[PDB]
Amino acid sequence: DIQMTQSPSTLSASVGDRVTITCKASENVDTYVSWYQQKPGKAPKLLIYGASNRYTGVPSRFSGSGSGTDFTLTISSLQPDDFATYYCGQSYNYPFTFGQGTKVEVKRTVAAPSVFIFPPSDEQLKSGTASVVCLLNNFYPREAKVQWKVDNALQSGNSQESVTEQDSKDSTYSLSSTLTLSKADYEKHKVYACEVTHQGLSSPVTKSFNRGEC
C-alpha cells in the first residue's frame, strides 16, 4: 500500500508569491502522480498529471515536477484565486491513494482573538438543558486552544466547536465553542470559565461569568 505524504499541511502565502508544495510517495511510482486543487464544496479539479503534464485548461503558473518518489507542485505567481487546498495522488499500483492535502491560506500579521462567554438562556434552561458558548472573534492564525473550566475544573468531552473559513476582508478566523451541560448539572456550580490560548496572546486569556450575579 503506497502512502502519499504532502508537505506542508498548511501553506500560508501572499498573492504573487512563488509557492512550492511537496508530496512524497513511500514507493517508486515512476511519474504516475497527479495534482488536484480543491475549494470548499467543490469537486477536485485536475491540475497536473504524469507528474508534470499540465492538464488541458490549467493556468500556466501551475507546474509540477518529480519522478520516482519525490514530487513538487509549483505556483510561480499565486493569484487571488489560487487560494485553496491541493491534493497529490498516485495511480501507479493498487490501491490508488491521495496525499493528506495542503491548505494554501492567505498570510497576514498575527491578531489575537476577541473573546466572549455566553451563559445559557433561561428559556433553554426551562427545558432542563444548558449550553455555554465561548466566542473567539477574528483571530489569526487559525491555531487556537480553548479550554472550559467550571469552578476551575477542567472539562473534557462535553464541548464542540466550529471555525469559520478564513474571512474575505481581514483574512481572520472566528471560532465558536459550546459546553453542553444539563440544567441541574449546570445549576450545581457558580463560575464558568473559557480559557483561550493563542499565539497572539502573551498569556492565556480567560473570560468567565457566575451563575446569577448580573
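Start at 1 with the first residue shown and count on from there.
With 115 to 123 and 92 to 100 compared on mean CA B-factor from the PDB entry, the stretch scoring higher is 115 to 123. In this entry, 200 to 208 has the higher mean Cα B-factor, the comparison being between 200 to 208 and 8 to 16. You'll see in the entry that, of 169, 39, 149, 45, the Cα B factor peaks at 149. Looking at 179, 154, 51, 163, the one whose CA carries the top B-factor in the deposited record is 154. Among the modelled residues of its chain, residue 139 has a C-alpha B-factor that falls in the lowest third, as given in the PDB entry. When the modelled residues of the chain are ordered by their C-alpha B factor, residue 129 lands in the middle third.
In the PDB entry, a CA B factor belonging to the middle third of its chain's modelled residues is recorded for residue 82. Placement of the Cα temperature factor of residue 175 within the chain: lowest third of the modelled residues, per the deposited record. Annotation for residue 159: C-alpha temperature factor in the highest third relative to the rest of the modelled chain, per the entry.
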